[PDB]
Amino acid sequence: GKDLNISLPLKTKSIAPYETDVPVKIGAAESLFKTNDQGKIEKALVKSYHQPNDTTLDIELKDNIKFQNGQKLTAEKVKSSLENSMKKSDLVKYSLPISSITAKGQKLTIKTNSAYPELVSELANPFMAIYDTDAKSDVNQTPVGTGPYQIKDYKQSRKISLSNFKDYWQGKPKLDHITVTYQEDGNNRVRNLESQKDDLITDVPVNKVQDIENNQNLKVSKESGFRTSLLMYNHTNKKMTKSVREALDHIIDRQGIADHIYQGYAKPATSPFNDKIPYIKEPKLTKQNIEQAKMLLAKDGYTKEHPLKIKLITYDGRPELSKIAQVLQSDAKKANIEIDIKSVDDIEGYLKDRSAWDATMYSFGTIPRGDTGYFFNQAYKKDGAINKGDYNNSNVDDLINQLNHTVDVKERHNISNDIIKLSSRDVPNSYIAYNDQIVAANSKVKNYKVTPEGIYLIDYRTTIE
């Protein structure tokens, strides 16, 4: 009827908002701030804010917003939600250096110990979405948000069932029910859409695009966005030296990968950040050079007789990652590297054991809210939530820490470019492609989001006609 079936990759365990962005994606939860369709920060739950000095953020919340259980969204609810999220998540904690929060009625005041210009921006992060900390349910299964669709049932790592929240603050949502099921294999997601098992899918394999476009019952939406695919190195394994990382960097054929594996739905990458961000000074594009790789590996003593052995992790959710792994393995052989590919079902959980991998295929939204700070803090600082390989260089640390308290935007751009230049010398990861997000749907599904931040999907206007 007016029910929507969504098929997503990257199955979750907990679906607390501070564990995954899935509750924001599927319309269950909202952050205080958001980005609009052009990527700019906007008030969402907030009516007004002021910044009277560089350590003070005064917020007045909208007065007409309820949680899905009917409880009013107040300043005290926001305070308790934020403090809980900071307590329970390293990602949230390291993004929000908040020193104190006071609340009364609809007003709260957030303090920092020193200037942190990206505070408002990080309050738009979906991991900072607001939920009712007093709800009598398990926030890991059925968090209570302000979104248009309330989570009613969660089968862990398999299925999320949501129902229309009729009192949703922006307007009456247009669907009755949503069912979200996880499917890691992109080809399976496409088959589910074709057989009408599901109505809306993300992360369409590039080689199925034409097939879907040919179908008059279906439609494809594509967006260049700001997701980067990469080869992430485990810096805690002493064999993963600078020479080894340089060598693997030169076994990659970025141009070939973009043309043939992404079939043109991507561009060759250099830094973490899409070059369509105008202030970014990218490092020089690395072109494939097997001889150079062989030479570099000679430095550490590797030969055809005694090759480097690499355990490379991959996963299906982003469909092109394992295709890249396959051709890396084939090409690396020519350079005296024997790569073992291990595909895993739960990539975030698997990488926690740093004894179990040498490198991994990976994909991340490296600049979701227009600033490079978030990526640096989460990926290049020790204990950052996506620094799976524990890269850390005190000289890069120093610049990141300076960036974090830098207010002048031109100076933020300069420091960010210095961070990019300096860190690139270490090859902390090998950035492979800036690739498009491709979504597909039954043609009767209307008004889902496919916008450049690559987070949002369902809102109160999404519908079926």
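Note that residue numbering begins at 1 and tracks the sequence as displayed.
The mean C-alpha temperature factor is higher for 101-109 when 101-109 and 382-390 are set side by side. Higher mean CA temperature factor, per the PDB entry, when comparing 431-439 with 25-33: 431-439. Among 152, 177, 245, 77, the highest C-alpha B-factor in the deposited entry belongs to 177. Ranking 87, 158, 318, 227 by the C-alpha B-factor listed in the PDB entry places 87 at the top. Ranked by Cα temperature factor within the chain, residue 126 sits in the lowest third according to the deposited record. In the PDB entry, residue 306 places in the highest third of its chain by CA B-factor. Ranked against the other modelled residues of its chain, the C-alpha B-factor of residue 10 as given in the entry falls in the lowest third. The deposited CA B-factor of residue 356 belongs to the middle third of values across its chain.
Placement of the Cα temperature factor of residue 261 within the chain: middle third of the modelled residues, per the deposited record.
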